[PDB]
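Listed below, chain by chain, are the residues.
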Amino acid sequence: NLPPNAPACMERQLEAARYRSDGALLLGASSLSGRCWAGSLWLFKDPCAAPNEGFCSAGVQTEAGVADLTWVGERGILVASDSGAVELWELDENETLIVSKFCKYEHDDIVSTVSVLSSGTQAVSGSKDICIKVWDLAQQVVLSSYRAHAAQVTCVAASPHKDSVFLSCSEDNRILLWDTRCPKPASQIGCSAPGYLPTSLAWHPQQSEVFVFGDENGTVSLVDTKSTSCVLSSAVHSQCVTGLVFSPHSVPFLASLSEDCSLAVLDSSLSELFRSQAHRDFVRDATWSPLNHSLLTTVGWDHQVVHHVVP
Amino acid sequence: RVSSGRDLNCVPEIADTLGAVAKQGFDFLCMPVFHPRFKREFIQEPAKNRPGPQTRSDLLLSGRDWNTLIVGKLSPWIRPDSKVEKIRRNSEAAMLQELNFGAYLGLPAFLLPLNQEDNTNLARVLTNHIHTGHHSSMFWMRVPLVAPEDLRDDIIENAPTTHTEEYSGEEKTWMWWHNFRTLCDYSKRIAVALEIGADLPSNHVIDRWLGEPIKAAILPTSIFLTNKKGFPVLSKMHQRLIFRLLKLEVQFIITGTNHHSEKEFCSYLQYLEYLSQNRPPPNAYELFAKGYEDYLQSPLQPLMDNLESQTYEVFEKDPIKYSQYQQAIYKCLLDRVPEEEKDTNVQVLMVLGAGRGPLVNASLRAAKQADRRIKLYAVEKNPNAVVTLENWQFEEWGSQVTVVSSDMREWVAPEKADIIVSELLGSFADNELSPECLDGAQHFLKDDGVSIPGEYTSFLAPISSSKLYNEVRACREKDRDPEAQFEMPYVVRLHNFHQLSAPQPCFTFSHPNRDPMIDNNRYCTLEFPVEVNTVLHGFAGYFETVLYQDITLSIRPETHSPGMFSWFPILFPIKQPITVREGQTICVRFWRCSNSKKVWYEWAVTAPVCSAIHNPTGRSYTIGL
Ligand SMILES: C[S@@+](CC[C@H](N)C(=O)[O-])C[C@H]1O[C@@H](n2cnc3c(N)ncnc32)[C@H](O)[C@@H]1O
Ligand SMILES: [Cl-]
Ligand SMILES: [Cl-]
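As deposited, the entry is annotated with X-ray crystallography as its determination method and 2.47 Å as its resolution.

What follows is the structure, given as structure tokens:
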């Protein structure tokens, strides 16, 4: 059976996979080819059932594609749309419907990245229009609009526990550390040479002044914001690092997405522990199960919702 | 009115989207031909063998719609000049794939960005696609007036914006375009899509785009100010630019989402239409010049050739020219014969090169106005024009006018003349060979006789026009020098161009010529102070003439006779464009040469760099004697 609103089919290009604290699975998908170029939002109470449409808890269709996604608490879904809109979708009282809370067209091009800030009341979006916008999820408005970069914004990442702090990176080769408290909020951090363009950012879940960043040449780098000169790095992928996600573990494992169609799991020294060639297309997202911390899920463009067992 | 287009980087349903933009008032749509986020792999497996379809079907629109309403957009991930080899190769294959899909669709134009300094591989791939077939498709290079790096918010504590003046650095996006189009060998298929930002740069940066092939202007919604009624409007400085662009007849493009939520997407276009309608109207000259703008024409040779009938007709419909000739004769008649002699003294008036008879009639209107007696002779070499003259003299003029079907240089006059009146002048004054014509005729002018016109002077000004340079470039013909087109003058309504320095006199001729050794050959050196960074493509020529005393004619823009459309500027091109830096002097050399058979010009640029001497020995161009 398909929920009362859910479409008969889910678009081939799976962009996002987000495990809720209870264990439910959030799916973002787009139609990146064919007659219609739209998107859809899916909820799977059984993660082993995905990507099967007729076996989901809830489902809805957005007007355009889903470039990025994030959980906004337990019933909130924040969407980075191709329309240039940032969308907030509220999950039903029964959690059987996904209803549009707000659709605001503030960006002048595709919104490619979204990150919810520590409070869960504010969020930051990064667009192709080169701007970065700070949002009020309750008031449905943009508090601040920042044009700090020179090229498109690839990734925006809120700090785990600070509402004022967030990371951003762009095709202008800049990794910006933000702090809404300073009059000049951004600070251009980065190592000696410019090198290859930054593509992905992952804040450390325990060390609040540490983060990792993946480039366009498949390199993964470990960075201490204080020492401000990239000490540790490894050539993990043969193509652009699409995403970086840390495990919920006390000493977290680092999962690494790529366009080389592979997944990799790394330790503190960025050494390879696991590798999966499960995907036949681009690896788009990764979520560790809040229920089983050794379980890691992945979504790709090959419409595969793979489940991995991490040693 | 305005030809407008909507720019979108998101099209979920092509049929719906097009209908909405058409309902909004847009004449065309700029949209992706593949999905913007759909990165493709062409080398590495498994991503290489990705199942199709690679994009939406051509069946979704009619051929007519594809040909006239859709402007394709290159995918933003396609980066042919990336520092990463794999990305360079994938972006190459993807660029070829995308451009070929647009040609397969018969798209009227396709958009490609110039958003960084190095676009060498982007250019190579486009140039290679241009030479793969023979199509009429246009490539619009999306360039901003101001690079995004140079307009970024000053919010990076440890990387502040440079608050100092950087003249050449502020012009950087022009250099991006210049390099890209030089690499692509000035393809007529490569044009500019100029992206206008919220804050306009210094005028020199804007003026840097004068003479460039701007086919489209991109106006983001962000740049629109909001009026007291809540409607989107523009700053007076932005309005200034729009008005400059409307004369270039560019296609306006609206990009970005609607920030004026209370109103619809038709309001942005409504303001452009409002500005378009309110601009000053086209004057007598501007209305005539319409259609002749940057159209290269051959200069007329009324001496060597016999002008067509509809050609004299065109010349005759210039009112200011003949009003001025009338006045100059009127003034001469009173100065030559006093009121006490107004019935005993009859003036021998000779129209040398009478055409169909406008100067003959003007001479008559002038002798009636001055209340003096005149004896007219109408000398004309064109026998076809002489048919009109003889039918006029029999039907109207009478015995008063003696039509002479001859060349003034050969005609043996029965008596000398008091006044010789002629209109043997071209856009460069002496380019129709008036010095030689009147030199062989002045023997039958009284020792104290007046020549109307008494004097004429040619002027030159250095110009920049990559548009007109490419136009001259396209004038290659078979069975001649492959570069002969650059060694000849053109008559043209110079429109999309930049005058780099104030006109300066070149050649002057006075009639009658008192010199015992009459030499119409010349050599002139001019030094033109240039205060902009630019590229020289040639020299505009104009002229000034003294008919009699204060009665004059001019095509020099400074002193242009109001409403006179008989002459358009001449253009002397140069084979290779020359880079001129701000503060440099352009030194040009001009010669007027001749033998017994023909007259021609030769020219060379000697500063800031040398050119070859153009038209040596009149090998590419001569004016027949
Ligand atoms: C009609 S005016 C041309 C003025 C015109 N508006 C222009 O743009 O130059 C030139 C006339 O003088 C005549 N003409 C030129 N050379 C001549 C010559 N040597 N003897 C007699 N008539 C001559 C031509 O045949 C022509 O009719
Ligand atoms: Cl651009
Ligand atoms: Cl301009």
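Q: Break down the overall build of chain B for me, with residues and values.
A: The helix and strand tally for chain B stands at 15 helices and 26 strands. Expressed as lengths along the three principal axes of its C-alpha atoms, the size of chain B is roughly 105 × 55 × 50 Å. The proportion of buried residues among the 625 residues of chain B is 55%. Expressed as a percentage of contacts within chain B between residues at least 6 apart in sequence, the contacts between residues at least 24 apart total 78%.

Q: Talk me through the overall build of chain A; I want residue IDs and the actual numbers.
A: Counting its regular elements, chain A contains zero helices and 27 strands. Here chain A has a C-alpha radius of gyration of 18 Å; the compact-globule value for 311 residues is 19 Å, and the two agree. Burial analysis of chain A (311 residues in total) assigns 62% to the buried set. Taking all contacts inside chain A whose residues are at least 6 apart in sequence as the whole, residues at least 24 apart take part in 43%. With the model as given, the accessible surface of chain A reaches about 11200 Å², and the carbon-plus-sulfur share is 50%. Positive and negative charge centroids in chain A, built from 19 and 34 side chains respectively, lie 3 Å apart.

Q: I'd love a proper account of the state of the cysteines, names of residues and values included.
A: Residue and element names in this part refer to chain A. Taken as a whole and judged by the stated rule, the model has one disulfide over all chains. Bridging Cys191 to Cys230, the disulfide has an S-S length of 2.0 Å. Because the sign of the S-S torsion sets the handedness, a value of about -80 degrees for the bond joining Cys191 and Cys230 places this disulfide among the left-handed ones. Residue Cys191 is found in the loop between β16 (187-189) and β17 (198-203), and its partner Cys230 is found in the loop between β19 (219-224) and β20 (232-235); the two are separated by 39 residues along the sequence. Judged by its relative accessible area of 33%, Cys191 is partly exposed. Look at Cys230 and you get partly exposed, because its relative accessible area is 23%. Free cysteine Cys48: the closest other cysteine sulfur is in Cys56, separated by 16 Å.

Q: Give a detailed account of the packing of aromatic side chains, specifying residues and quantitative values.
A: All names here are of chain B. This model, assessed by the stated rule, comprises 35 aromatic pairs over all chains. Measuring from ring centre to ring centre gives 5.1 Å for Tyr523 and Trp591, while their planes differ by 0 degrees; the resulting arrangement is stacked. Highlighted residues: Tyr523 in strand β20 (residues 522-529) and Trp591 in strand β24 (residues 585-594), separated in sequence by 68 residues. For the ring pair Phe590 and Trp603, a centre distance of 5.8 Å and an interplane angle of 10 degrees mean the geometry is stacked. Residue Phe590 is located in strand β24, and its partner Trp603 is located in strand β25 (residues 598-607); the two are separated by 13 residues in the primary sequence. Considered together, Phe590 and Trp603 belong to a single accessibility category, that of buried residues.

Q: Residues and numbers for the side chain of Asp439 of chain B, please.
A: All names here are of chain B. With respect to the helices, strands and loops of the structure, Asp439 is situated in helix α14 (residues 434-439). With no salt bridge to any partner, buried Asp439 finds its closest opposite charge in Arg592, at an N-O distance of 7.9 Å. Sequence-distant contacts of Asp439, defined by excluding residues within four places in its chain, comprise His511, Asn513, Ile518 and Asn520.

Q: Hey, could you go over the pairing of strand β18 (residues 210-215) of chain A for me, with residue numbers and the actual values?
A: Residues and elements named next belong to chain A. Of all six residues in β18, six are buried; the element is thus mostly enclosed. Because side chains alternate across β18, one face comprises the buried residues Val210, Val212 and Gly214, and the other comprises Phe211, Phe213 and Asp215, equally buried. As judged from the five bridges shared by β17 and β18, these two strands associate in the antiparallel manner. Within β18, the position partnered with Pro198 by the bridge is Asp215. Connecting β17 to the next strand, β18, in antiparallel fashion are six residues. The sheet contact formed by β18 and β19 spans five bridges and is antiparallel.

Q: For the domain arrangement of chain B, give the residues involved together with the corresponding values.
A: How big an interface is tends to be reported as the loss of accessible area on association of its parts. Residues and elements named next belong to chain B. Examined at the domain level, chain B breaks down into domain 1 (1-287), domain 2 (288-454) and domain 3 (455-625). For domain 1 versus domain 3, the distance between C-alpha centres works out to 37 Å. Of the roughly 1700 Å² buried at the junction of domain 1 and domain 3 (both faces included), carbon and sulfur atoms supply 51%. For domain 1, the biggest contributors to the area lost against domain 3 are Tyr186, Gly211 and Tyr285; these three give 42% of the whole. For the pair domain 1 and domain 3, the interface holds one salt bridge. One salt bridge in this structure joins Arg473 and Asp185, with 3.3 Å as the shortest N-O distance. Where domain 1 meets domain 3, there are 14 residue pairs in polar contact. Every element with two or more residues in the side of domain 1 that touches domain 3 is listed here: α5 (172-183) and α9 (284-289). With three residues, α5 is the single largest residue contributor to the side of domain 1 that touches domain 3.

Criteria and thresholds
- Residues numbered from 1 in each chain as written, not as in the entry; some residues may be left out.
- Chains lettered and ligands numbered in written order.
- Heavy atoms only, no water.
- Helix = DSSP H or I, 4+ residues; strand = E, 2+ residues; numbered from the N terminus.
- Buried < 20%, exposed > 50% of the residue type's maximum accessible area, 1.4 Å probe, protein only.
- Contact = heavy atoms within 4.5 Å.
- Rg over C-alpha atoms; globule rule 2.2 N^0.38 Å.
- Areas by Shrake-Rupley, 256 points an atom, 1.4 Å probe, with all protein chains shown as cover.
- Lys, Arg positive; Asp, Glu negative; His and termini not counted.
- Charge placed at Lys NZ, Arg CZ, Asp CG, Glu CD.
- Disulfide = S-S within 2.5 Å.
- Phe/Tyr/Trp six-rings, centres within 6.5 Å; stacked < 30°, edge-to-face > 60°.
- Salt bridge = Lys/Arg side-chain N within 4 Å of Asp/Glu carboxyl O.
- Pairing = 2+ DSSP bridges.
- Domains from an automatic or database assignment.
- Buried area = accessible area lost by both parts, 1.4 Å probe.
- Polar contact = N/O pair within 3.5 Å; in protein donor to acceptor, adjacent residues only side chain to side chain.

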